[PDB]
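Here is my input, please return the structure:
(chains A, B, C, D, E and F, ligands or ions: 2)
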Amino acid sequence: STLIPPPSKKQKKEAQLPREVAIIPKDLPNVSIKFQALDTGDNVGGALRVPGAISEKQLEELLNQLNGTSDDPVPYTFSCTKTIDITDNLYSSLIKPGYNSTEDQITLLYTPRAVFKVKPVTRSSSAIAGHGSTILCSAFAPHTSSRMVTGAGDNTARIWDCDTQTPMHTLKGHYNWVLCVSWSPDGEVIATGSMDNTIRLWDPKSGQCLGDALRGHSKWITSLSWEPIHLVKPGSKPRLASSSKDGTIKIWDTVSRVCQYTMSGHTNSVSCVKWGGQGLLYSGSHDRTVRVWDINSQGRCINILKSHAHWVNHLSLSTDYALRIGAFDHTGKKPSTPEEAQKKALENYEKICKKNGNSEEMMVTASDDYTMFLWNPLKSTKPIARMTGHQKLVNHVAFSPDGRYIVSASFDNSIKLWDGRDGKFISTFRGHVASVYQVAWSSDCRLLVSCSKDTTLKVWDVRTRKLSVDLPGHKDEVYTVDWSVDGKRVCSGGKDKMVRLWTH
Amino acid sequence: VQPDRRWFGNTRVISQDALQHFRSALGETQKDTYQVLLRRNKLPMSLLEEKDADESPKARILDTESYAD
Amino acid sequence: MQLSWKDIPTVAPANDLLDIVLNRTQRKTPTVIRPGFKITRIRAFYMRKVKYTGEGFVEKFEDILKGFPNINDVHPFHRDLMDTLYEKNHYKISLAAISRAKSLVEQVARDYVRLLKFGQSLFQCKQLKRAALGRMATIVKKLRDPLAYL
Amino acid sequence: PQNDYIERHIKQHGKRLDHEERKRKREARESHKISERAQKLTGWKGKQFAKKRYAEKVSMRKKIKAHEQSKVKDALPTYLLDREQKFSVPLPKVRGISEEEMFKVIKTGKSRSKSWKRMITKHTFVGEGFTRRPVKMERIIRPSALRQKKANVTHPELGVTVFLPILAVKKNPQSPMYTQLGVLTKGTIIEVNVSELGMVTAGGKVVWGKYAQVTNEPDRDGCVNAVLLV
RNA sequence: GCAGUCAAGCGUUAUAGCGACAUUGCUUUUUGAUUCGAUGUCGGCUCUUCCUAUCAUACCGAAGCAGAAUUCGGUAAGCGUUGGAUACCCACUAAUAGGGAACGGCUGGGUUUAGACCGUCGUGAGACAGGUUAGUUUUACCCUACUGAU
RNA sequence: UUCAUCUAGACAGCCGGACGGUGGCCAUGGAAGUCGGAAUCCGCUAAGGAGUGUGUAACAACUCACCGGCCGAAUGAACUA
Ligand SMILES: [Mg+2]
Ligand SMILES: [Mg+2]
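Numbering: from 1, shown residues only, chains lettered A, B, ... in the order given. Ligands and ions are numbered 1, 2, ... in the order given. See below for the structure:
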């Protein structure tokens, strides 16, 4: 093993020299600050003088008082403008290096954050067997972290109990590789799209197949999407969108088990389909285009976005976490009524869509031309921004659960972190030595997990933009990774035919 | 050549901490004109020479459309 | 302006070009060498083979590169017309592939002449010359599609 | 003339009055002509004619087989489909190479009376920081044209070949003296930089150095080929 | 070249083992951008002939070969294939093709013996990793062949 | 040498048929079997491809795959020496 150089004699002597203590002076004068919001840029309180030894929580309490929510505080974070976060106190964060004098005002930008905290995963809880071929896809249940669904190449899906780390149900309806699995956003039905061009629905509590398979695709299923709960009217179930290599997007009513629309604009293989929160579907295909369809207008193509010079491989919406989660939360409470479920899902979707004046739903598209395009298709059809910098194809792209960051996983063994509003480059996560297949966020948007071709998982801390913990243990290439809604478990799977559950 | 299990082992490995150390250090080195290189350390320089670039290379057009098409 | 580009010599496809150049070597350079000669004579024989074949490929590639118009340096009307007719991206990529092949053939010839300076017998010298010509042939075979397009 | 003037000329004027008949008789004479060429061509042209005839017949048989086959009638994820790509060594025993073959006597002096300098006729790896010894005390000569730095390594897993830099010479089977001189002949064990292959140990360490065996004769083909020892 | 893939055959009752043709990876990536150790024999001049593996000249065949010009090919050695400058250039030219009879007569560099200097090594006599300068070998009237002559 | 065809008709030739849904769907300025991409079905048959090539800007016309009429006794294919 190659090692870092040892300290020299001089360095050992300076280490033996007595250390200085970073202390806070007691006569430190008051400093003028101006509060300002990151998303809206509203200056609240004007230039007010605060003690130089002010702490993060005391500053946060002052801000909650000035905004008028002292009874109901929401924890925020503070940044300074080079954007530097306020860690422990203002003196240590800014004054101690001396970048700004005390007499000068400091413009402190406050950003709301998540109330709950997700611990990093540090160890493999278990290595679970049962699949006879390579594992292709995995997802957690949206309401609980105790139920996981995994589809593999032995023509089967599997429902795993994460509590005992033991298999619970085997789903053996299909005739070929189960390419995609998806859980209903109300957590009631599992949809599996296969290599044999079929979509099969399953009851997870009994591990059973609902009727017969949905048919109509002439090529293998590539992606699945669910109708958002907040758009679904109470007393009715969401519809299922499916895409395939034949270039069509088929919409299925599961209540009556029929096909309502078959959108057919694309000319090559459709890579992905995402059902947005404003009654639209976004489809990405190998014909270098992204199509915007309106479900309210009998499945017609509204827009064609053409800015990619090669295949589009993936796309991600800003509200994707909320749309997948539906009415559930990080506490996973089951609503009393479908009415209250619909209202809570609507509020959860609105808290991310409608902000900074008007509701927006940004889309990001990751392509084979080594780039990504950031769009706001509701307002403009030209791209908002172009993100370049990757040396190989961008295989996976993901919006952060609060919609403030974009993470792009490429085949150049790298991940890149971008701003989720205007798409400017922030940082590069390095450490995978082989191509990074896909990535996943935590619920509180501080931790990111990536799986690679190098048979490893990696957990990254976003705020420090550095590697948190490297997780080996898989014997072969890892294809799929996911993080639970409550943030308690991470699942992974690949060529080793073993489902790996990881915990703190 | 005799059969031996030493032929099939790894000869050099490097940890993630060491990779991060050398990746950060390569860039904080300040060359002096009066210092000469007496001996170079042996490192995985392909792993270590990773720089953020503002621009991406152009796409390959022959994948989507061949000369005959 | 040139305004007209009829004076471009015929572009042979990859297999035909290989036949033309390799048979030109076999015809126009002497073919009889004996293991009983001086090693200096044997080495000069095989060096001449490698150098002559490399020059033949280089002259074909140069005749291709000099004849064809420069799409970005012509009048913009002609640039747009040739872009519509021939797809400028494919045009420049094919001509650049020819240029890369020219550089690789020159490098192969130089490397194997330098190696042939240290050959100790007819067998080794012959193997080195065959390796050089085979590498040139591999480079030319990788040009099959751009040559047909051009 | 402009655009497709020969096609327009044929459309407006036709062809020569004997065109179809002459072409038809030439095609009918083709069988006799092919037989005559096969029996009359000599030397290099005859050998090439026979070679091309064999290739054409193979191609026709493959086309017939494909037609009749048509007339009768890894488990990758979604983002990887529609995309394309005992501790015994593979060479336990190799040809013995004597010192007479390995070394060339270099004569020195005005009348060539001294014969103490020796030149290595094979390819070598001299390592990092190589400086030649002064000419008065240089007995062993390793010329710069025969020094190699990189090798074509084939991985048995995934069947890929990569051009990897050479780290060291571990074992030349001919002699430990050739090992310490860095001679690269067939069957030599070398250390290679495997950083671009992305290998990770069970403990999470990144592998960047492994062993390979040389499988060819670089003095004969001008390059180093090795198979990785996994 | 190494490593693989295919499979016409070879093989056989144990889908083992060989294996032509095809084919992929490395070498070697995309926008026509931008000299690295020959250890031991080389060259002129005059003059003849031979090979064809043909550069030109003759006649043919093919090609988006309009014409002009060119490219690739067939028969073909009858006939030519240069002047300079220091293996590359400049030019002229129809063209400035490759090779053998040596490398299994005068002459310049070279084996260059004795003189001499510089460099490296050697305690030294001296030797060389080397560099430079100066340095006599002189048939024919014999036979034959060849050119002419009785 | 081993397979096949054959007087309820061998091979070669000449003549005739070679159809209907239908210009099948997408795509194109145009594209009707015959620039392309995917399906390649059904009917009527003695037989007839959602077509083997020539051809047209697209059609047309010709062709051959297949079937029949005339003719009348052997014929074809792959292997070995
Ligand atoms: Mg000839
Ligand atoms: Mg002397």
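
nearest residue to the residue of chain C found nearest chain B other than its sequence neighbours?
Nearest residue of chain C to chain B: residue C:149, at 3.7 Å (CB to the nearest CB). C-betas here are computed from N, CA, C, even on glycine. Setting aside the residues directly before and after it, residue C:149 is nearest to residue B:67 in space (CB to CB, 6 or more residues apart in numbering or on different chains), at 3.7 Å.

okay, now residue 3: neighbour count?
Here I'm looking at chain A. Neighbour count of residue A:3, defined by other CB atoms under 10 Å in any protein chain shown: 9.

Oops, wrong one, chain B.
There are 10 residues near residue B:3, going by other CB under 10 Å.

What of residue A:433?
Neighbour tally, residue A:433, other CB under 10 Å: 24.

for residue A:432, helix, strand, or coil?
Judged by DSSP: H, G, I helix; E, B strand; the rest coil, the three-state class of residue A:432 is coil.

Find the nearest non-adjacent residue to it, please.
residue A:452 (4.2 Å).

hmm, back to that, so who does the residue of chain C closest to chain B touch?
B:67, B:68, C:90, C:94 (CB atoms under 8 Å, 6 or more residues apart in numbering or on different chains).

Buried only: go through the residues you listed for me.
Buried residues within the contacts of residue C:149, counting neighbours by 16 or more other CB atoms under 10 Å in any protein chain shown: B:67, C:90, C:94.

Let me have those residues in TSV, extended by secondary structure and distance to RNA strand E.
TSV is the format used below for these (DSSP: H, G, I helix; E, B strand; the rest coil; distance: CB to the nearest atom of the strand, whole Å):
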residue	secondary structure	distance to RNA strand E
B:67	coil	10
C:90	helix	8
C:94	helix	9
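
closest to chain D among these?
Nearest member of the buried ones among the contacts of residue C:149 to chain D, counting by CB to the nearest CB, is residue B:67, at 19.1 Å.

Phi, psi for the closest residue to RNA strand E within the stretch 401-504 of chain A please.
As assessed by CB to the nearest atom of the strand, RNA strand E sits closest to residue A:412 within the stretch 401-504 of chain A, at 12.5 Å. Note on residue A:412: its backbone torsions stand at phi -90, psi 30 [degrees, to the nearest 10].

Next: residue D:164.
Dihedral angles (degrees, to the nearest 10) for residue D:164: phi -110, psi 140.

picking up where we left off before, measure the residue of chain C closest to chain B to residue C:13 for me?
10 Å (CB to CB, to the nearest Å).

Repeat that for residue A:50.
For residue A:50, the distance to residue C:13 (CB to CB) stands at 79 Å.

got a list of what the residue nearest to residue A:432 touches?
Here residue A:452 is in contact with A:413, A:432, A:433, A:434, A:435, A:436, A:437, A:458, A:478 (criterion: CB under 8 Å, 6+ apart).

quick revisit: and the residue of the stretch 401-504 of chain A closest to RNA strand E, how many neighbours does it have?
21.

That one against residue A:389, yeah?
No - using CB atoms under 8 Å, residue A:412 is not in contact with residue A:389; the gap is 9.8 Å.

got a list of what residue D:82 touches?
Residues near residue D:82 by CB under 8 Å, 6+ apart: A:245, A:269, A:286.

what about the second one, distance to residue A:178?
Noted for residue A:269: a distance of 18 Å to residue A:178, by CB to CB.

Which one's more surrounded, these two?
residue A:178 (32 against 20).

Is that one bridged to anything, and to what?
Note on residue A:178: beta-bridge partners residue A:194, judged by DSSP bridges.

Which helix or strand contains the residue in chain D that chain C sits nearest to?
Chain D approaches chain C most closely through residue D:220 (4.3 Å), counting by CB to the nearest CB. Secondary structure assigned from DSSP states H and E places residue D:220 in helix D:218-221.

strands paired with the helix or strand following that helix, and their directions?
Remark: after helix D:218-221, the chain's next helix or strand is strand D:225-228, criterion DSSP H and E. Strand D:225-228 has the following strand partners under DSSP bridges: strand D:150-155 (parallel), strand D:206-214 (antiparallel).
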